[PDB]
Structure formats: structure tokens, C-alpha cells
file protein-v7.txt (compact mmCIF, C-alpha atoms and all ligand atoms)
# COMPACT_ATOMS: atom_id res chain seq x y z
CA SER A 5 0.00 0.00 0.00
CA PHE A 6 1.00 3.63 -0.69
CA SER A 7 2.89 4.92 2.36
CA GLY A 8 4.43 8.26 3.21
CA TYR A 9 2.52 10.46 0.76
CA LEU A 10 1.49 14.04 1.41
CA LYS A 11 -2.05 14.91 0.25
CA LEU A 12 -1.92 18.09 -1.95
CA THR A 13 -5.53 18.20 -3.17
CA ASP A 14 -8.63 15.90 -2.92
CA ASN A 15 -7.07 13.53 -5.43
CA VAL A 16 -3.30 14.35 -5.86
CA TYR A 17 -0.68 12.87 -3.43
CA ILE A 18 3.12 13.37 -3.58
CA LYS A 19 6.20 11.52 -2.19
CA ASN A 20 9.96 11.94 -2.51
CA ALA A 21 10.68 8.47 -3.82
CA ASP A 22 12.09 6.57 -6.79
CA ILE A 23 9.05 5.41 -8.86
CA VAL A 24 10.81 2.04 -9.59
CA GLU A 25 11.16 1.31 -5.88
CA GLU A 26 7.57 2.46 -5.17
CA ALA A 27 6.28 0.16 -7.91
CA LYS A 28 8.23 -2.89 -6.57
CA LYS A 29 6.90 -2.31 -3.04
CA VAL A 30 3.24 -1.37 -3.80
CA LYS A 31 2.71 -3.40 -7.08
CA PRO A 32 -0.10 -0.97 -8.00
CA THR A 33 -2.84 -1.73 -10.53
CA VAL A 34 -1.35 1.05 -12.81
CA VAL A 35 2.14 2.57 -13.13
CA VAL A 36 2.51 5.46 -15.56
CA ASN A 37 5.51 5.66 -17.94
CA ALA A 38 6.64 9.05 -19.33
CA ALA A 39 7.03 7.68 -22.87
CA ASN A 40 7.89 8.92 -26.42
CA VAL A 41 5.68 8.12 -29.48
CA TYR A 42 7.73 5.07 -30.53
CA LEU A 43 7.92 3.66 -26.98
CA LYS A 44 11.73 3.62 -27.08
CA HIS A 45 12.61 3.63 -23.36
CA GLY A 46 16.17 4.97 -23.62
CA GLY A 47 16.53 7.16 -20.53
CA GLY A 48 14.79 9.12 -17.81
CA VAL A 49 11.86 7.41 -16.05
CA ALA A 50 11.21 5.27 -19.19
CA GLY A 51 14.74 3.83 -19.14
CA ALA A 52 14.53 3.13 -15.37
CA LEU A 53 11.15 1.36 -15.57
CA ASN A 54 12.29 -0.71 -18.60
CA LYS A 55 15.57 -1.69 -16.85
CA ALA A 56 13.60 -2.86 -13.76
CA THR A 57 11.68 -5.27 -16.10
CA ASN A 58 15.07 -6.46 -17.55
CA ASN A 59 14.04 -5.22 -21.03
CA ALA A 60 10.69 -7.12 -21.07
CA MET A 61 8.84 -3.77 -21.38
CA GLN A 62 10.93 -2.80 -24.45
CA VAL A 63 10.33 -6.15 -26.28
CA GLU A 64 6.59 -5.86 -25.61
CA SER A 65 6.63 -2.15 -26.69
CA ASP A 66 8.38 -2.92 -30.02
CA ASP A 67 5.63 -5.50 -30.76
CA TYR A 68 2.93 -2.94 -29.88
CA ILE A 69 4.50 -0.46 -32.38
CA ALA A 70 4.89 -3.09 -35.09
CA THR A 71 1.16 -3.92 -34.90
CA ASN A 72 -0.35 -0.49 -34.06
CA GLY A 73 2.00 2.23 -35.20
CA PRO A 74 3.32 5.07 -33.00
CA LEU A 75 1.27 6.96 -30.42
CA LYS A 76 0.33 10.66 -30.96
CA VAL A 77 1.75 13.36 -28.59
CA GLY A 78 -0.86 13.69 -25.79
CA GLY A 79 -1.84 10.01 -26.32
CA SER A 80 -1.40 6.71 -24.48
CA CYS A 81 -1.63 2.96 -24.52
CA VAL A 82 -2.08 0.29 -21.82
CA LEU A 83 0.49 -2.56 -21.79
CA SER A 84 1.65 -5.09 -19.12
CA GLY A 85 3.19 -3.77 -15.94
CA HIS A 86 5.34 -6.93 -15.72
CA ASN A 87 6.87 -7.16 -12.17
CA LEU A 88 6.14 -3.45 -11.42
CA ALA A 89 2.32 -3.25 -11.69
CA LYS A 90 -0.72 -5.05 -13.16
CA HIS A 91 -0.59 -2.53 -16.09
CA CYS A 92 1.72 0.19 -17.46
CA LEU A 93 -0.05 3.26 -18.90
CA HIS A 94 2.51 4.69 -21.40
CA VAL A 95 1.74 8.42 -21.82
CA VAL A 96 3.34 10.87 -24.22
CA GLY A 97 3.75 14.44 -22.97
CA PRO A 98 5.00 17.14 -25.33
CA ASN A 99 8.72 17.58 -25.80
CA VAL A 100 8.59 21.37 -25.60
CA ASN A 101 12.37 21.59 -26.31
CA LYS A 102 11.53 20.30 -29.84
CA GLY A 103 8.65 22.80 -30.32
CA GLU A 104 5.80 20.46 -29.33
CA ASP A 105 2.90 22.49 -27.94
CA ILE A 106 2.68 22.79 -24.14
CA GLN A 107 -1.15 22.65 -24.50
CA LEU A 108 -0.73 18.93 -25.19
CA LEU A 109 0.39 18.47 -21.55
CA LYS A 110 -3.35 18.80 -20.60
CA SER A 111 -4.25 16.02 -23.18
CA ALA A 112 -1.44 13.88 -21.77
CA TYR A 113 -2.75 14.10 -18.18
CA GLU A 114 -6.36 13.47 -19.38
CA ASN A 115 -5.28 9.85 -20.07
CA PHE A 116 -4.92 9.31 -16.30
CA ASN A 117 -8.72 9.76 -15.88
CA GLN A 118 -9.38 6.35 -17.43
CA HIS A 119 -7.87 4.72 -14.25
CA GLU A 120 -9.18 5.08 -10.66
CA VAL A 121 -5.73 4.87 -8.98
CA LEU A 122 -2.27 5.47 -10.58
CA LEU A 123 1.40 5.64 -9.48
CA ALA A 124 3.01 8.25 -11.74
CA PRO A 125 5.86 10.62 -12.49
CA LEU A 126 5.53 14.28 -13.55
CA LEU A 127 4.98 14.40 -17.32
CA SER A 128 7.22 16.39 -19.66
CA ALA A 129 9.47 17.31 -16.64
CA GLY A 130 12.61 15.38 -17.61
CA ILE A 131 14.49 15.73 -20.92
CA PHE A 132 11.14 16.89 -22.41
CA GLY A 133 11.96 20.33 -20.95
CA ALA A 134 8.74 21.52 -19.28
CA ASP A 135 8.93 23.36 -15.99
CA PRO A 136 8.10 20.67 -13.39
CA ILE A 137 6.07 23.05 -11.21
CA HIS A 138 3.94 23.98 -14.27
CA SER A 139 3.52 20.20 -14.98
CA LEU A 140 2.24 19.65 -11.38
CA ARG A 141 -0.30 22.53 -11.84
CA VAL A 142 -1.61 20.94 -15.07
CA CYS A 143 -1.86 17.59 -13.23
CA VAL A 144 -3.86 19.17 -10.40
CA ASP A 145 -6.16 21.09 -12.83
CA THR A 146 -6.74 18.04 -15.13
CA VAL A 147 -6.59 14.73 -13.25
CA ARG A 148 -9.84 13.84 -11.43
CA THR A 149 -8.96 10.27 -10.33
CA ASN A 150 -6.47 9.40 -7.53
CA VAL A 151 -2.84 9.95 -8.53
CA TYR A 152 0.21 9.19 -6.36
CA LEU A 153 3.18 11.13 -7.74
CA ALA A 154 6.69 9.93 -7.05
CA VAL A 155 9.40 12.68 -7.36
CA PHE A 156 12.96 11.30 -7.17
CA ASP A 157 14.89 14.59 -6.75
CA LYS A 158 14.59 15.91 -3.17
CA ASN A 159 15.40 19.54 -4.16
CA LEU A 160 12.59 19.37 -6.76
CA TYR A 161 10.18 17.66 -4.29
CA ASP A 162 10.74 20.41 -1.66
CA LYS A 163 10.13 23.12 -4.34
CA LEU A 164 6.85 21.44 -5.40
CA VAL A 165 5.53 21.06 -1.79
CA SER A 166 6.45 24.68 -0.95
CA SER A 167 4.41 25.98 -3.91
CA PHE A 168 1.40 23.57 -3.56
CA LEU A 169 0.96 23.67 0.26
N1 LIG A 201 14.81 5.53 -11.17
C1 LIG A 201 14.29 6.68 -11.63
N2 LIG A 201 14.82 7.39 -12.60
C2 LIG A 201 14.13 8.59 -12.75
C3 LIG A 201 14.44 9.60 -13.67
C4 LIG A 201 13.68 10.77 -13.67
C5 LIG A 201 12.61 10.95 -12.80
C6 LIG A 201 11.64 12.11 -12.94
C7 LIG A 201 11.37 12.56 -14.39
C8 LIG A 201 10.71 13.92 -14.23
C9 LIG A 201 11.02 14.41 -12.79
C10 LIG A 201 12.09 13.42 -12.26
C11 LIG A 201 12.02 13.30 -10.76
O1 LIG A 201 11.09 12.74 -10.23
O2 LIG A 201 13.04 13.82 -10.11
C12 LIG A 201 12.32 9.95 -11.87
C13 LIG A 201 13.07 8.79 -11.86
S1 LIG A 201 12.91 7.39 -10.82

call {"tool": "encode", "arguments": {"input": "protein-v7.txt", "output": "C-alpha cells", "more": "lines below"}}
Ligand SMILES: Nc1nc2ccc([C@@H]3CCC[C@H]3C(=O)O)cc2s1
result
Amino acid sequence: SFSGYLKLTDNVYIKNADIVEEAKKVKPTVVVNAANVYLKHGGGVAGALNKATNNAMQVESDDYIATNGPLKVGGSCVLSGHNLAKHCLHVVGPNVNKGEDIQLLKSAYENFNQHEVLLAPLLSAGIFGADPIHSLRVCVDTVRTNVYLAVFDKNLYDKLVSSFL
């Protein structure tokens, strides 16, 4: 069960934790991956989640692309969670450093509403270049189901809690 979270709003909770370790302890119904449109999990949260499955997530993802084609920015797909969760919801936030529209961050977070409870990272807040505090605001304004956010970096976590509480 989710332990040590701080409740920010009626439905958004936050913890300073590594999402891979949270997934292995809780084994939630849904873990969110911060993915790209071809589901190539090369680094960031995507690389860490794929490595914790010993590349099983990548083999499954390449088969999903071969049959279905790439996702759209703001879109998602549900695949196995392997040893981390029952399911992995792979969500594509905009890569604003490559000119993708920040408005698509709202569409990205809307995918979370299809699941009652999710363990997730902040979208577009890694190498995708969005300001992480702006990404948390979009999450709060868009997600209506129960989301447990895991923020690895303690300096970032303290910044987020100071601005949202
Ligand atoms: N093993 C892990 N590797 C990563 C890499 C990056 C991150 C996320 C991506 C966006 C914000 C950052 C964070 O929470 O500090 C979390 C994790 S957990």
C-alpha cells in the first residue's frame, strides 16, 4: 500500500521516492511511464522502468508499435506492468524543447482519468523540458482520479511542496 505520501488536493498525493522502488513495493494496478511516441525507453523514467523489467517492457513495446503504429503526442496505450504493476499506462507528454505544444500536456494528463488509482511521475518534466512546477499545476487542474506522484529529486520535491501547500 501507498505509504508516506502528502495529500496536496482531494485527489493528488506526492512523495519523494524513486518510482521504480515504489512500484516494486506497492505493485499498483497502474504505473505510468513518461514515454515517447515510438515507446523507445532509452533514458529518464522510461529507461529506469524498462531496466527494472530487464528489457521485457521494451520487447513488448516494439511488438505494440509493429502492430499499431506510434502513439500521438498527448496520447497513451495500456500494456503489461510486468513485475512493477498489473498494467503500465505509457503516456506521451510534449517535448517542448523540440517545439511540441505545451497545450498537449493537458491532453497527456487526461489519459490518467481512465484509471481510478495510478502511481506516476511528472509528465514532460525530464528531458522533455517543461517546468516541473507547471507540470504539477496541469496535473492538479486536469486529473480527477487518484494519482500518487513519485518525485525522485529531493530539491525538486521540496520546491513542489512549498508551492502547492
Ligand atoms: N529511477 C528513476 N529514474 C528517474 C528519472 C527521472 C525521474 C523524474 C522525471 C521527471 C522528474 C524526475 C524526478 O522525479 O526527479 C524519476 C526517476 S525514478

call {"tool": "residues_near_ligand", "arguments": {"input": "protein-v7.txt", "ligand": "ligand LIG 201 (chain A)", "cutoff": "9 Å", "atoms": "only C-alpha atoms and all ligand atoms", "output": "VMD selection string"}}
result
chain A and resid 20 to 25 38 47 to 53 56 125 to 132 136 153 to 161

call {"tool": "residues_around", "arguments": {"input": "protein-v7.txt", "residues": "range 91-106 of chain A", "least_positions_apart": "2", "cutoff": "8 Å", "atoms": "all atoms listed in the file", "output": "count of residues only"}}
result
33

call {"tool": "closest_residue", "arguments": {"input": "protein-v7.txt", "among": "A:14, A:9, A:46, A:119", "to": "residue 62 in chain A", "atoms": "all atoms listed in the file"}}
result
A:46

call {"tool": "atom_distance", "arguments": {"input": "protein-v7.txt", "atom1": "CA of residue 13 in chain A", "atom2": "CA of residue 166 in chain A"}}
result
13.8 Å

call {"tool": "axis_aligned_box", "arguments": {"input": "protein-v7.txt", "around": "range 10-21 of chain A", "padding_each_side": "4 Å", "output": "JSON"}}
result
{"center_x": 1.0, "center_y": 13.3, "center_z": -2.2, "size_x": 27.3, "size_y": 17.7, "size_z": 15.3}

call {"tool": "closest_residue", "arguments": {"input": "protein-v7.txt", "among": "A:71, A:15, A:167, A:54", "to": "residue 143 in chain A", "atoms": "all atoms listed in the file"}}
result
A:15

call {"tool": "closest_residue", "arguments": {"input": "protein-v7.txt", "among": "A:30, A:144, A:151, A:63", "to": "residue 5 in chain A", "atoms": "all atoms listed in the file"}}
result
A:30

call {"tool": "atom_distance", "arguments": {"input": "protein-v7.txt", "atom1": "CA of residue 59 in chain A", "atom2": "CA of residue 120 in chain A"}}
result
27.4 Å

call {"tool": "closest_residue", "arguments": {"input": "protein-v7.txt", "among": "A:73, A:27, A:67, A:135", "to": "residue 88 in chain A", "atoms": "only C-alpha atoms"}}
result
A:27

call {"tool": "closest_residue", "arguments": {"input": "protein-v7.txt", "among": "A:141, A:28, A:55, A:163", "to": "residue 113 in chain A", "atoms": "all atoms listed in the file"}}
result
A:141

call {"tool": "closest_residue", "arguments": {"input": "protein-v7.txt", "among": "A:29, A:137, A:69, A:142", "to": "residue 87 in chain A", "atoms": "only C-alpha atoms"}}
result
A:29

call {"tool": "atom_distance", "arguments": {"input": "protein-v7.txt", "atom1": "CA of residue 124 in chain A", "atom2": "CA of residue 7 in chain A"}}
result
14.5 Å

call {"tool": "decode", "arguments": {"input": "protein-v7.txt", "residues": "range 94-112 of chain A", "atoms": "N, CA, C and O atoms", "output": "PDB file, in the first residue's frame"}}
result
ATOM      1  N   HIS A  94       1.438   3.921 -20.747  1.00  0.00           N
ATOM      2  CA  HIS A  94       2.506   4.691 -21.398  1.00  0.00           C
ATOM      3  C   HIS A  94       1.883   5.948 -21.954  1.00  0.00           C
ATOM      4  O   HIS A  94       0.996   5.871 -22.808  1.00  0.00           O
ATOM      5  N   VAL A  95       2.296   7.111 -21.442  1.00  0.00           N
ATOM      6  CA  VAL A  95       1.743   8.418 -21.821  1.00  0.00           C
ATOM      7  C   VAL A  95       2.778   9.317 -22.415  1.00  0.00           C
ATOM      8  O   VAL A  95       3.869   9.465 -21.850  1.00  0.00           O
ATOM      9  N   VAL A  96       2.424   9.977 -23.536  1.00  0.00           N
ATOM     10  CA  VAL A  96       3.339  10.867 -24.223  1.00  0.00           C
ATOM     11  C   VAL A  96       3.030  12.339 -23.960  1.00  0.00           C
ATOM     12  O   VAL A  96       2.032  12.866 -24.460  1.00  0.00           O
ATOM     13  N   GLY A  97       3.837  13.000 -23.123  1.00  0.00           N
ATOM     14  CA  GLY A  97       3.745  14.438 -22.970  1.00  0.00           C
ATOM     15  C   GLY A  97       4.525  15.119 -24.085  1.00  0.00           C
ATOM     16  O   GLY A  97       5.370  14.507 -24.750  1.00  0.00           O
ATOM     17  N   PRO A  98       4.268  16.418 -24.294  1.00  0.00           N
ATOM     18  CA  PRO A  98       5.004  17.136 -25.334  1.00  0.00           C
ATOM     19  C   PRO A  98       6.473  17.325 -24.951  1.00  0.00           C
ATOM     20  O   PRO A  98       6.808  17.595 -23.778  1.00  0.00           O
ATOM     21  N   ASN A  99       7.317  17.310 -25.983  1.00  0.00           N
ATOM     22  CA  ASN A  99       8.715  17.581 -25.805  1.00  0.00           C
ATOM     23  C   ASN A  99       8.783  19.038 -26.240  1.00  0.00           C
ATOM     24  O   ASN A  99       8.861  19.341 -27.439  1.00  0.00           O
ATOM     25  N   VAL A 100       8.629  19.947 -25.276  1.00  0.00           N
ATOM     26  CA  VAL A 100       8.594  21.369 -25.596  1.00  0.00           C
ATOM     27  C   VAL A 100       9.947  21.894 -26.073  1.00  0.00           C
ATOM     28  O   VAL A 100       9.987  22.918 -26.780  1.00  0.00           O
ATOM     29  N   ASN A 101      11.058  21.176 -25.779  1.00  0.00           N
ATOM     30  CA  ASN A 101      12.366  21.587 -26.309  1.00  0.00           C
ATOM     31  C   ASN A 101      12.486  21.356 -27.837  1.00  0.00           C
ATOM     32  O   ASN A 101      13.377  21.919 -28.482  1.00  0.00           O
ATOM     33  N   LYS A 102      11.595  20.537 -28.413  1.00  0.00           N
ATOM     34  CA  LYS A 102      11.530  20.298 -29.844  1.00  0.00           C
ATOM     35  C   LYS A 102      10.295  20.954 -30.485  1.00  0.00           C
ATOM     36  O   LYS A 102       9.865  20.530 -31.559  1.00  0.00           O
ATOM     37  N   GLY A 103       9.774  22.000 -29.842  1.00  0.00           N
ATOM     38  CA  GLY A 103       8.653  22.798 -30.320  1.00  0.00           C
ATOM     39  C   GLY A 103       7.272  22.185 -30.213  1.00  0.00           C
ATOM     40  O   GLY A 103       6.328  22.730 -30.793  1.00  0.00           O
ATOM     41  N   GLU A 104       7.121  21.053 -29.498  1.00  0.00           N
ATOM     42  CA  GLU A 104       5.798  20.459 -29.331  1.00  0.00           C
ATOM     43  C   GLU A 104       4.996  21.317 -28.360  1.00  0.00           C
ATOM     44  O   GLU A 104       5.559  21.885 -27.427  1.00  0.00           O
ATOM     45  N   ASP A 105       3.720  21.546 -28.681  1.00  0.00           N
ATOM     46  CA  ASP A 105       2.896  22.487 -27.935  1.00  0.00           C
ATOM     47  C   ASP A 105       2.631  22.103 -26.491  1.00  0.00           C
ATOM     48  O   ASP A 105       2.138  21.022 -26.215  1.00  0.00           O
ATOM     49  N   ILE A 106       2.917  23.033 -25.566  1.00  0.00           N
ATOM     50  CA  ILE A 106       2.682  22.786 -24.141  1.00  0.00           C
ATOM     51  C   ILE A 106       1.201  22.519 -23.816  1.00  0.00           C
ATOM     52  O   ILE A 106       0.904  21.868 -22.821  1.00  0.00           O
ATOM     53  N   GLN A 107       0.274  22.943 -24.692  1.00  0.00           N
ATOM     54  CA  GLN A 107      -1.147  22.655 -24.503  1.00  0.00           C
ATOM     55  C   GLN A 107      -1.415  21.162 -24.495  1.00  0.00           C
ATOM     56  O   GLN A 107      -2.354  20.716 -23.835  1.00  0.00           O
ATOM     57  N   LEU A 108      -0.564  20.365 -25.189  1.00  0.00           N
ATOM     58  CA  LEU A 108      -0.725  18.931 -25.188  1.00  0.00           C
ATOM     59  C   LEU A 108      -0.425  18.291 -23.847  1.00  0.00           C
ATOM     60  O   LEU A 108      -0.705  17.110 -23.690  1.00  0.00           O
ATOM     61  N   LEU A 109       0.155  19.037 -22.877  1.00  0.00           N
ATOM     62  CA  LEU A 109       0.389  18.471 -21.549  1.00  0.00           C
ATOM     63  C   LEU A 109      -0.974  18.221 -20.885  1.00  0.00           C
ATOM     64  O   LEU A 109      -1.124  17.209 -20.215  1.00  0.00           O
ATOM     65  N   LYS A 110      -1.998  19.108 -21.106  1.00  0.00           N
ATOM     66  CA  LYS A 110      -3.347  18.796 -20.603  1.00  0.00           C
ATOM     67  C   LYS A 110      -3.893  17.466 -21.225  1.00  0.00           C
ATOM     68  O   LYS A 110      -4.347  16.571 -20.480  1.00  0.00           O
ATOM     69  N   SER A 111      -3.795  17.280 -22.575  1.00  0.00           N
ATOM     70  CA  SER A 111      -4.249  16.022 -23.184  1.00  0.00           C
ATOM     71  C   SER A 111      -3.517  14.830 -22.601  1.00  0.00           C
ATOM     72  O   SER A 111      -4.119  13.766 -22.386  1.00  0.00           O
ATOM     73  N   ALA A 112      -2.202  14.987 -22.355  1.00  0.00           N
ATOM     74  CA  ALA A 112      -1.439  13.876 -21.768  1.00  0.00           C
ATOM     75  C   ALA A 112      -2.019  13.445 -20.410  1.00  0.00           C
ATOM     76  O   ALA A 112      -2.319  12.271 -20.206  1.00  0.00           O
TER      77      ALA A 112
END
